[PDB]
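Visitor: Attaching a single structure in structure tokens format; questions to follow.
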Amino acid sequence: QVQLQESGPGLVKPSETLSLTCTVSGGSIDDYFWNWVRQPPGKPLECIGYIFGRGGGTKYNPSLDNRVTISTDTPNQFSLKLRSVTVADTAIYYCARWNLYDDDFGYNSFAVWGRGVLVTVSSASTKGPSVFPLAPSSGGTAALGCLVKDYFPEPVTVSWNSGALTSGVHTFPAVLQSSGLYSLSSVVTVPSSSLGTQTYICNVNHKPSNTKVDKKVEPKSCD
Amino acid sequence: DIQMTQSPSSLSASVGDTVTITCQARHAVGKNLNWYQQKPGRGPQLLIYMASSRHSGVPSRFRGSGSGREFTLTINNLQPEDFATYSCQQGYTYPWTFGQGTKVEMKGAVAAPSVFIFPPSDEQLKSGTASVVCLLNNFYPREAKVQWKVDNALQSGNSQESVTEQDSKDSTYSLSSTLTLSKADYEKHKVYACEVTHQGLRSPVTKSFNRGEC
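Just so you know, the protein sequences line up as chains H and L, in that order.
Residues 1 to 52, 52A, 53 to 82, 82A to 82B, 83 to 100, 100A to 100G, 101 to 128, 133 to 217 (the deposited numbering) are what the first sequence spells out, left to right.
If you count the second sequence from 1, position 162 lands on 162 in the deposited numbering, and the numbers rise without skipping.
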């Protein structure tokens, strides 16, 4: 019944200090190694550092270039500070307990993990998207879509026809533009016969700006 | 630190298959070797500790073996919930280094992409930017390449792309690529082309349009 969970800001500006807290519930901070671990996108899981017990010995990974501090500030919390962040520090951050005792499952492993928190290092400000229709020039199958451009932070979700259209939908991972804003596409393929038996609307939701847009997409015609 | 290398980085299998994932340590670590499972949107959970011991609740179809520098995770009778990423980790010396992960994907039949090209919308052009989009739809395997040209000029550095996760039923992938150009530049050129290379095609295919065409 020992559970861990990470908390703290999901956005840190470059050069600033990333701070996170792990709250242990059920149990408390006791005689284990209390660890931080991270996974940057596209990279392996990486150990950051640990502390033993309440104010016991620490150990930090040399890969973090001496930017780490870990402390146990309450009976149920331990914290991470990671100084002087850059985009290389964007990652999902996990707290985890390293099991020390040979009489339990998980000996010498991370047996208990938090769910993880995404921390992104960025100078960008919250902005809702613009939504543009995707229609190709006029084989039996048509493609239509929506381009959801210029928003921050992630995520944006897209449905079609208020959730009634799910077959053939592909909503892609966003890409980060050099402006610091994301762009994403959502497409659907449909029978070309349906291009006159059905209206197509993409429903875009950007919760961080509370922006919803319902965009009707019409096919091109040479008539 | 102790370098950990898994083989392969990704593999394809079918439900019911036996899958074997390899993990190598650059220095020997005894039996101090863990395996974890992860999914999209789900963090790691422990599968195996001490090389061969199953964590509580882990199905017996998961088997860890090996020692020293050479280890294996065997998944017998692969189930739908087992398509996931598996990582090994040495627990001998801190930092307890992880392998790069092995993604277990679904096997599928080779399928060439269906390719569609979308001009910038009139709505977008009202502003100063134009995005041209090329869709590679429902293809297998995942490797594919897009080349963009504008009036025969190779576009290099002004596109971005992304790929969906595998489709649950058909095993396929899709890819979207966006070419970004200014509105002034889009309006100064005529021919827009997306050339696609993929195993399922005997040679490249090109989809194109002339600006303004219906």
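C-beta: ideal position from N, C-alpha, C; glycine also.
#1: Can you list the residues of chain L that residue 105 of chain H reaches, using a CB-CB cut of under 9 Å?
#2: For a test of the three-state rule: what should DSSP assign to residue 20 of chain H, helix, strand or coil?
#3: Give the secondary structure of residue 155 of chain H by DSSP, where H, G and I count as helix, E and B as strand, and everything else as coil.
#4: Please list the segments of the alpha helix (DSSP H) lying wholly inside the stretch 112-172 of chain L, counting only runs of 4 or more residues, in order along the chain.
#5: When the cut-off is 8 Å and only beta carbons count, does residue 200 of chain H lie next to chain L?
#6: Look at residue 159 of chain H and residue 181 of chain H and say whether their C-beta atoms are less than 8 Å apart.
#7: Give the single residue among L:84, L:142, L:63 whose Cα lies nearest to the Cα of residue 42 of chain L.
#8: Is residue 178 of chain H closer than 8 Å to residue 142 of chain H when the C-beta atoms are compared?
#9: Straight-line CA distance for residue 213 of chain L to residue 117 of chain L?
#10: Just the C-alpha distance for residue 26 of chain H and residue 54 of chain H, rounded to the nearest angstrom, thanks.
#11: Establish whether the CB of residue 112 of chain H and some CB of chain L are separated by less than 8 Å.
#12: Which of the three DSSP states, helix, strand or coil, is assigned to residue 105 of chain L?
#13: Any idea what DSSP makes of residue 7 of chain H, helix, strand or coil?
#14: Comparing C-alpha positions only, which one of H:124, H:39, H:77, H:45 sits nearest to residue 4 of chain H?
#15: Label residue 43 of chain H either buried or exposed according to how many other C-beta atoms from any shown protein chain fall within 10 Å of its C-beta, with 16 as the threshold for buried.
#16: Under 7 Å Cβ to Cβ from residue 137 of chain H, same chain only, skipping five residues before and after it: list those, please.
#17: Quick one: give me the first and last residue of the beta strand (DSSP E) that residue 70 of chain L is part of.
#18: Between the stretch 25-37 of chain L and the stretch 74-91 of chain L, do three or more beta carbon pairs fall short of 8 Å?
Guide: Walking through what the data contain:
#1: 42, 43
#2: strand
#3: helix
#4: 122-125
#5: no
#6: no
#7: L:84
#8: yes
#9: 13 Å
#10: 20 Å
#11: no
#12: strand
#13: strand
#14: H:77
#15: exposed
#16: 126, 181, 183
#17: 70-75
#18: yes
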